[PDB]
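Engineer: First, the structure itself, so that you have it in front of you.
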Amino acid sequence: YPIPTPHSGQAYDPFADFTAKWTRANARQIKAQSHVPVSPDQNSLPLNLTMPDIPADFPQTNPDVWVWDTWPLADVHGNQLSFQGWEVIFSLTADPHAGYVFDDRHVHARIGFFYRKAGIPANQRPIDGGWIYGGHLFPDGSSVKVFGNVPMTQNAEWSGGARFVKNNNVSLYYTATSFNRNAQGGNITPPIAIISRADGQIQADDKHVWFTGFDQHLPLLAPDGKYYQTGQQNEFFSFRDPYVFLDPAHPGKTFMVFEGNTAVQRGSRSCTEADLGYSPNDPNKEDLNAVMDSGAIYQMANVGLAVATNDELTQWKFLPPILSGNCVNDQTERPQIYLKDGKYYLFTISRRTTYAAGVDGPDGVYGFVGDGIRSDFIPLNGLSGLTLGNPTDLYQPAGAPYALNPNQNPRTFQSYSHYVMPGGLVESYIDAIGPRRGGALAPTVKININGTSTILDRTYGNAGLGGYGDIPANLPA
Ligand SMILES: OC[C@@]1(O)OC[C@@H](O)[C@@H](O)[C@@H]1O
Ligand SMILES: OC[C@@]1(O)OC[C@@H](O)[C@@H](O)[C@@H]1O
Ligand SMILES: OC[C@H]1O[C@](O)(CO)[C@@H](O)[C@@H]1O
Ligand SMILES: [Mg+2]
Ligand SMILES: [Mg+2]
């Protein structure tokens with residue numbers, strides 16, 4: 001049982017060169033806290049860190065749309081806003097009746113919007129959450145203009161966030177992606193990912209919500225290979241998922257966290273003793289060269305920070321990363337800064353299959369707490385970093401959502417893209433429950449966030465499961 005790396009939570013200047021590490025000694029706490037499942041149970045995780053089992057008879061959010069990563073209409077304070085008595089969400093969408101299969105939908109993603117009347121308790125809405133699909137948010141061909149005349153086979157609109165803020169009242173921060181792939185899915189040139197902004201206008205009457213504008217897409221950030229990995233450094237790089245927010249500690253600034261990778265050429269032997277996170281006199285420390293030899297150098301997640309450099313928020317620059325998972329996991333996705341009781345919670349999603357050799361954990365949401373947006377972040381829950389995982393046996397193989405291992409929990413991929421909302425409510429989408437694939441919103445759940453630890457509230461809704469796609473507004477716009 002490894003000694004977890006201690007962390008102070010101390011704050012730094014957002015502009016200073018300090019990056020917190022989610023170390024191997026921290027991440028190894030997840031398996032240390034786990035138990036061999038007592039058959040026929042197939043969950044190894046601590047109950048307080050486990051998402052309840054989602055029913056196999058879940059409804060689709062819409063019969064004509066695969067929905068996955070979802071975000072609310074929000075402000076830069078993380079408030080979720082209603083507009084003229086309507087709740088509004090935005091999702092990555094694809095067409096289930098378009099010829100491509102669920103696992104191939106990502107390069108076809110379009111941002112869509114849904115709406116429903118505000119102020120109805122979840123259990124009084126239709127079981128599907130009563131979301132009305134408005135269609136695509138952006139005009140056809142508007143997003144792809146950010147790439148100009150580059151060779152391309154597909155473009156997609158990937159995740160970010162919506163900010164209620166010209167006649168325009170909504171800024172959509174998102175990830176424009178361009179692919180140049182052979183028919184087998186191999187990259188002819190590396191994918192291009194540009195964090196972008198498009199402004200438009202939400203309008204409503206008693207019947208429907210609709211949007212105008214989003215004709216002009218502004219490229220804000222693309223990786224430069226100093227702090228954030230490029231496609232030239234690694235064709236499989238990640239760079240996406242802007243969360244734009246105001247830090248009360250730095251009024252007058254607007255910040256953004258996003259997913260990146262550490263800026264190394266792929267296959268570099270770049271991990272350090274600080275990524276491993278052992279005392280040099282710990283007789284049970286791992287060996288740095290052994291860890292890199294095991295292939296852990298292919299797992300290089302980071303959480304980036306950027307700051308606006310003009311009043312209009314149309315110019316941005318990179319700051320050093322706030323969290324790295326080098327030789328731990330390749331993915332720290334959809335990061336968000338969640339403010340509670342003067343503390344800064346960094347929540348980010350990750351996958352079991354993108355852990356480095358010698359480290360393991362479930363698909364779900366990971367959490368860290370500190371005294372600022374740039375902190376020596378304290379991994380939650382016994383210095384582990386796990387906030388909430390799908391039920392998973394860490395003592396048997398992971399499998400995949402398209403090929404479940406029958407020795408593994410059939411709900412290990414039941415949900416993904418957990419987004420933490422005001423009051424600790426968590427929304428997500430359904431990926432696989434046994435042989436059924438979702439592309440529908442999951443039941444909303446509730447975590448009790450208490451200092452350095454969290455507990456899934458098993459009294460919320462029906463034995464921990466709230467409404468399908470319950471993404472409520474707390475404040476009128
Ligand atoms: O040792 C680091 C530290 O304490 O140094 C003084 C200031 O720069 C602080 O922001 C910072 O946390
Ligand atoms: O992997 C080595 C390291 O120096 O790379 C740059 C940053 O990610 C740091 O946090 C990290 O410790
Ligand atoms: O859906 C497109 C991509 O964006 C994410 O959903 C969140 O970062 C990834 O899991 C996926 O690869
Ligand atoms: Mg593994
Ligand atoms: Mg078995």
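The chains in the structure tokens are called A, B, ... from first to last as shown; in each chain the residues are counted from 1, and the ligands are counted from 1 in the order shown.
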Identify, counting only C-alpha atoms and all ligand atoms, the protein, DNA and RNA residues located within 12 Å of ligand 4, and give them as a ChimeraX atom specification.
Structural biologist: /A:28,31,294-296,299,328-330,351-363,393-400
Engineer: Pull N, CA, C and O atoms from the residues just selected and write them as a compact mmCIF listing (two decimals), in the first residue's frame.
Structural biologist:
# COMPACT_ATOMS: atom_id res chain seq x y z
N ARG A 28 -2.34 5.54 -7.14
CA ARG A 28 -2.30 4.14 -6.64
C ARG A 28 -3.18 3.99 -5.39
O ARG A 28 -3.54 2.85 -5.04
N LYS A 31 -6.70 1.90 -6.13
CA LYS A 31 -6.69 0.42 -6.00
C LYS A 31 -6.44 0.06 -4.53
O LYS A 31 -7.05 -0.91 -4.05
N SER A 294 7.92 0.54 -18.73
CA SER A 294 6.60 -0.14 -18.74
C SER A 294 5.65 0.53 -19.73
O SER A 294 4.56 -0.01 -19.97
N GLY A 295 6.00 1.70 -20.28
CA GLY A 295 5.17 2.39 -21.29
C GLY A 295 4.39 3.57 -20.73
O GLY A 295 3.62 4.20 -21.46
N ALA A 296 4.61 3.93 -19.47
CA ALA A 296 3.85 5.00 -18.79
C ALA A 296 4.12 6.37 -19.43
O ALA A 296 3.30 7.30 -19.21
N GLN A 299 1.29 8.32 -21.32
CA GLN A 299 0.17 8.90 -20.54
C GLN A 299 0.66 10.24 -19.99
O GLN A 299 1.49 10.26 -19.09
N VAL A 328 0.69 8.78 -15.37
CA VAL A 328 -0.52 8.37 -14.59
C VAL A 328 -1.70 8.11 -15.52
O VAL A 328 -2.21 6.99 -15.54
N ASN A 329 -2.11 9.12 -16.28
CA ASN A 329 -3.25 8.93 -17.20
C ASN A 329 -3.05 9.90 -18.35
O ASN A 329 -2.49 10.99 -18.14
N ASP A 330 -3.49 9.53 -19.55
CA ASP A 330 -3.38 10.42 -20.74
C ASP A 330 -4.54 11.42 -20.80
O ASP A 330 -4.38 12.40 -21.57
N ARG A 351 -10.63 8.12 -17.88
CA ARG A 351 -11.02 6.78 -18.36
C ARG A 351 -10.09 5.74 -17.73
O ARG A 351 -8.87 5.98 -17.60
N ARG A 352 -10.64 4.59 -17.40
CA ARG A 352 -9.84 3.43 -16.97
C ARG A 352 -8.79 3.05 -18.03
O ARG A 352 -7.65 2.80 -17.66
N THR A 353 -9.16 3.02 -19.30
CA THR A 353 -8.28 2.45 -20.35
C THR A 353 -7.10 3.38 -20.67
O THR A 353 -6.17 2.91 -21.35
N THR A 354 -7.09 4.62 -20.18
CA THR A 354 -5.99 5.58 -20.46
C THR A 354 -5.10 5.75 -19.23
O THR A 354 -4.23 6.62 -19.27
N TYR A 355 -5.24 4.92 -18.20
CA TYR A 355 -4.22 4.83 -17.14
C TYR A 355 -2.92 4.24 -17.69
O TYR A 355 -2.94 3.32 -18.53
N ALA A 356 -1.80 4.69 -17.14
CA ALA A 356 -0.46 4.12 -17.37
C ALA A 356 -0.37 2.74 -16.73
O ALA A 356 -1.07 2.43 -15.75
N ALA A 357 0.56 1.94 -17.24
CA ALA A 357 0.89 0.64 -16.64
C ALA A 357 1.19 0.83 -15.15
O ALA A 357 1.92 1.79 -14.80
N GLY A 358 0.65 -0.03 -14.30
CA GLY A 358 0.95 -0.03 -12.86
C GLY A 358 0.03 0.87 -12.05
O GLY A 358 0.23 0.96 -10.85
N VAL A 359 -0.91 1.56 -12.70
CA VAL A 359 -1.92 2.42 -12.03
C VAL A 359 -3.28 2.04 -12.58
O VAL A 359 -3.37 1.60 -13.74
N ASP A 360 -4.33 2.17 -11.79
CA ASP A 360 -5.67 1.76 -12.25
C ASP A 360 -6.73 2.58 -11.53
O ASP A 360 -6.52 3.04 -10.40
N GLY A 361 -7.85 2.73 -12.19
CA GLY A 361 -9.01 3.41 -11.63
C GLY A 361 -10.14 3.35 -12.62
O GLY A 361 -9.97 2.89 -13.76
N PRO A 362 -11.34 3.77 -12.18
CA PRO A 362 -12.53 3.66 -13.01
C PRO A 362 -12.72 4.86 -13.94
O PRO A 362 -12.21 5.95 -13.72
N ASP A 363 -13.54 4.66 -14.96
CA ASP A 363 -14.14 5.80 -15.68
C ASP A 363 -14.95 6.63 -14.68
O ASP A 363 -15.66 6.06 -13.83
N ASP A 393 -14.77 -3.56 -11.32
CA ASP A 393 -13.86 -4.50 -10.63
C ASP A 393 -12.43 -4.22 -11.09
O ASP A 393 -12.06 -4.63 -12.21
N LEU A 394 -11.64 -3.52 -10.27
CA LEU A 394 -10.25 -3.17 -10.65
C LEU A 394 -9.35 -4.40 -10.59
O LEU A 394 -8.17 -4.24 -10.92
N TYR A 395 -9.88 -5.56 -10.20
CA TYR A 395 -9.10 -6.83 -10.13
C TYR A 395 -9.35 -7.68 -11.37
O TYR A 395 -8.79 -8.78 -11.46
N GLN A 396 -10.13 -7.20 -12.34
CA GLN A 396 -10.37 -7.91 -13.62
C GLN A 396 -10.26 -6.93 -14.78
O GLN A 396 -10.30 -5.70 -14.58
N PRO A 397 -10.07 -7.43 -16.01
CA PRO A 397 -9.81 -6.59 -17.18
C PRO A 397 -10.91 -5.56 -17.46
O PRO A 397 -12.08 -5.79 -17.15
N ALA A 398 -10.50 -4.44 -18.06
CA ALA A 398 -11.40 -3.29 -18.30
C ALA A 398 -12.43 -3.60 -19.38
O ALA A 398 -13.59 -3.15 -19.27
N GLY A 399 -12.03 -4.33 -20.42
CA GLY A 399 -12.82 -4.44 -21.65
C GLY A 399 -13.05 -3.08 -22.28
O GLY A 399 -12.22 -2.17 -22.09
N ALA A 400 -14.13 -2.96 -23.04
CA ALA A 400 -14.48 -1.75 -23.81
C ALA A 400 -15.99 -1.65 -23.92
O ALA A 400 -16.68 -2.65 -23.88
Engineer: So that I can see what lies close to segment 410-417 of chain A, please list as a list in words the residues with an atom at most 8 Å from it, counting only C-alpha atoms and leaving out residues fewer than 5 positions away in the same chain.
Structural biologist: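 Close residues of segment 410-417 of chain A: residues 53, 54, 68, 69, 70, 334, 349, 362, 363, 364, 365, 390, 391, 392, 398, 400, 401, 404, 405, 427, 428, 429, 430, 431, 432, 433, 434 and 442 of chain A.
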Engineer: Throw together the list of residues within 6 Å of ligand 2, counting only C-alpha atoms and all ligand atoms, and drop it here as a list in words.
Structural biologist: residues 19, 20, 21, 262, 270, 271, 272, 274, 275, 324 and 326 of chain A
Engineer: Can you tell me, as number ranges by chain, what residues are no more than 8 Å from residue 18 of chain A when counting only C-alpha atoms, ignoring any on the same chain fewer than 2 positions away?
Structural biologist: A: 12, 16, 20, 320-322, 374
Engineer: Next, the residues of the selection above should be written as a compact mmCIF listing (two decimals), in the first residue's frame with N, CA and C atoms.
Structural biologist:
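The file below, result_4.txt, is the result:
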# COMPACT_ATOMS: atom_id res chain seq x y z
N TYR A 12 -1.01 29.89 -5.63
CA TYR A 12 0.06 30.61 -6.35
C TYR A 12 -0.58 31.70 -7.18
N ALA A 16 2.24 32.51 -12.36
CA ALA A 16 3.51 31.87 -11.94
C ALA A 16 3.66 30.47 -12.56
N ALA A 20 0.74 21.59 -10.34
CA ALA A 20 0.49 20.49 -9.39
C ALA A 20 0.55 19.17 -10.13
N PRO A 320 0.94 28.55 -17.64
CA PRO A 320 1.41 27.19 -17.39
C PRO A 320 0.27 26.30 -16.92
N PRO A 321 0.37 24.98 -17.17
CA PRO A 321 -0.68 24.06 -16.76
C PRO A 321 -0.87 24.09 -15.24
N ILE A 322 -2.09 23.87 -14.76
CA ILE A 322 -2.38 23.83 -13.30
C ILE A 322 -2.33 22.41 -12.76
N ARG A 374 -4.53 28.21 -9.25
CA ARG A 374 -3.21 27.55 -9.37
C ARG A 374 -2.80 27.18 -7.95
Engineer: Could you list the protein, DNA and RNA residues that have any atom within 9 Å of ligand 5, counting only C-alpha atoms and all ligand atoms, and write them as an mmCIF file with N, CA, C and O atoms, in the first residue's frame?
Structural biologist:
data_model
loop_
_atom_site.group_PDB
_atom_site.id
_atom_site.type_symbol
_atom_site.label_atom_id
_atom_site.label_comp_id
_atom_site.auth_asym_id
_atom_site.auth_seq_id
_atom_site.Cartn_x
_atom_site.Cartn_y
_atom_site.Cartn_z
ATOM 1 N N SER A 39 -18.626 -11.892 -4.962
ATOM 2 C CA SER A 39 -19.535 -12.432 -6.001
ATOM 3 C C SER A 39 -20.908 -12.703 -5.393
ATOM 4 O O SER A 39 -21.003 -13.144 -4.247
ATOM 5 N N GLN A 396 -10.133 -7.196 -12.340
ATOM 6 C CA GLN A 396 -10.365 -7.908 -13.619
ATOM 7 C C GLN A 396 -10.260 -6.928 -14.780
ATOM 8 O O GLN A 396 -10.295 -5.705 -14.585
ATOM 9 N N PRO A 406 -16.974 -10.330 -19.946
ATOM 10 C CA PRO A 406 -17.974 -10.874 -19.023
ATOM 11 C C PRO A 406 -17.476 -11.110 -17.590
ATOM 12 O O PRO A 406 -18.279 -11.336 -16.703
ATOM 13 N N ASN A 407 -16.167 -10.971 -17.368
ATOM 14 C CA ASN A 407 -15.540 -10.996 -16.026
ATOM 15 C C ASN A 407 -15.607 -9.606 -15.380
ATOM 16 O O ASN A 407 -15.128 -9.470 -14.235
ATOM 17 N N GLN A 408 -16.149 -8.616 -16.086
ATOM 18 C CA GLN A 408 -16.168 -7.202 -15.622
ATOM 19 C C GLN A 408 -17.623 -6.787 -15.385
ATOM 20 O O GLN A 408 -18.540 -7.349 -15.970
#
Engineer: Identify, counting only C-alpha atoms and all ligand atoms, the protein, DNA and RNA residues located within 9 Å of ligand 3, and give them as a ChimeraX atom specification.
Structural biologist: /A:68-69,92,105-107,109,156-159,175,238-241,259,331-335,349-351,416-417
Engineer: List every residue of segment 333-435 of chain A that DSSP, applied to the backbone of this structure, places in alpha helix (DSSP H), and write the result as a list in words.
Structural biologist: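 The residues of segment 333-435 of chain A classed as alpha helix (DSSP H) are residues 380, 381, 382 and 383 of chain A.
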Engineer: Select, from A:122, A:463, A:426, A:373, the residue with the minimum atom-to-atom distance to ligand 1, counting only C-alpha atoms and all ligand atoms.
Structural biologist: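 Of A:122, A:463, A:426, A:373, the one nearest ligand 1 is A:373, counting only C-alpha atoms and all ligand atoms.
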Engineer: A:371, A:108, A:198, A:468: which is nearest ligand 1, counting only C-alpha atoms and all ligand atoms?
Structural biologist: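 Nearest candidate to ligand 1 out of A:371, A:108, A:198, A:468: A:371.
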Engineer: Between A:383, A:421, A:47, A:477, which is the closest to residue 336 of chain A once you count only C-alpha atoms?
Structural biologist: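 Residue with the minimum atom-to-atom distance to residue 336 of chain A: A:421.
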